[PDB]
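Report on one structure; see the data block that follows.
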Amino acid sequence: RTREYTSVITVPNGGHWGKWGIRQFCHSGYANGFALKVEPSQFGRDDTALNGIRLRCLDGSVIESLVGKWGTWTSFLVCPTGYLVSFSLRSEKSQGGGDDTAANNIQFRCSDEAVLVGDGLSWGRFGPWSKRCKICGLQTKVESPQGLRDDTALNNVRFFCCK
């Protein structure tokens, strides 16, 4: 890895199908905001999944990891004061085969205790909060990124922590 980190923060819900992308980090400091690549809040088009998470680092740099090709990017949701420290994922439960457990939405906790809920899909439930640390990078697991709107979905995400 280029930037050094002390640990990885993960959550227990969230899919297992897809390929992990490249690990991206803020050049300096931590991230204090995020945006999402989601499909416009319209009706008819069957529900699918998030196609990406993108963080803003207090040093104006923006990072994402592996992104899907569908949906549009929302404006950023920024920390009132600190930086991001913990995240929770919204996902439906599954079964043996149909592992419908892609990530539907995400909410973060900032260092000042503010909670920022992404404006995503609202199907499923928020699972437990990951542990807390100073978020400086991320890595995304996306199923068929270049695929059809059909099975392209961000399945999981993990963030890296810095000193």
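Quick note on naming: the chains in the structure tokens go A, B, ... in the order shown, residues restart at 1 in each chain, and ligands are numbered from 1 in order of appearance.
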
Close residues, residue 46 in chain A itself excluded, 12 Å, only C-alpha atoms, min 5 positions apart in chain, as a PyMOL selection string: chain A and resi 39-41+121+149-151

Need the shell around range 110-112 of chain A: protein/DNA/RNA residues with any atom at most 12 Å away, counting only C-alpha atoms. Skip same-chain ones fewer than 6 positions apart. Format as a VMD selection string? chain A and resid 30 to 34 77 to 87 132 to 135

In Å, with one decimal, what is the gap from CA of residue 88 in chain A to CA of residue 128 in chain A?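 Straight-line distance from CA of residue 88 in chain A to CA of residue 128 in chain A works out to 6.0 Å.
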
Between CA of residue 137 in chain A and CA of residue 89 in chain A, what is the spacing in Å?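 Result for CA of residue 89 in chain A versus CA of residue 137 in chain A: 17.0 Å, one decimal.
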
Between A:159, A:5, A:148, A:116, which has the minimum distance to residue 131 in chain A (counting only C-alpha atoms)?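 Smallest separation from residue 131 in chain A among the options: A:159.
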
Have a look at A:63, A:117, A:102, A:161 and name the one nearest to residue 50 in chain A; count only C-alpha atoms.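 Distance minimum relative to residue 50 in chain A lands on A:102.
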
Go through A:138, A:103, A:57, A:49 one by one, measure the shortest atom-to-atom distance of each to residue 76 in chain A using only C-alpha atoms, and give the residue with the smallest value. A:57

Among listed residues A:25, A:20, A:123, A:129, nearest residue 56 in chain A (using only C-alpha atoms):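 Ranked by minimum distance to residue 56 in chain A, first place goes to A:25.
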
Can you pull out every residue from range 92-121 of chain A that DSSP, working from the backbone, puts in strand (DSSP E), and format the result as an NGL selection string? :A and (105-110 or 115-117)
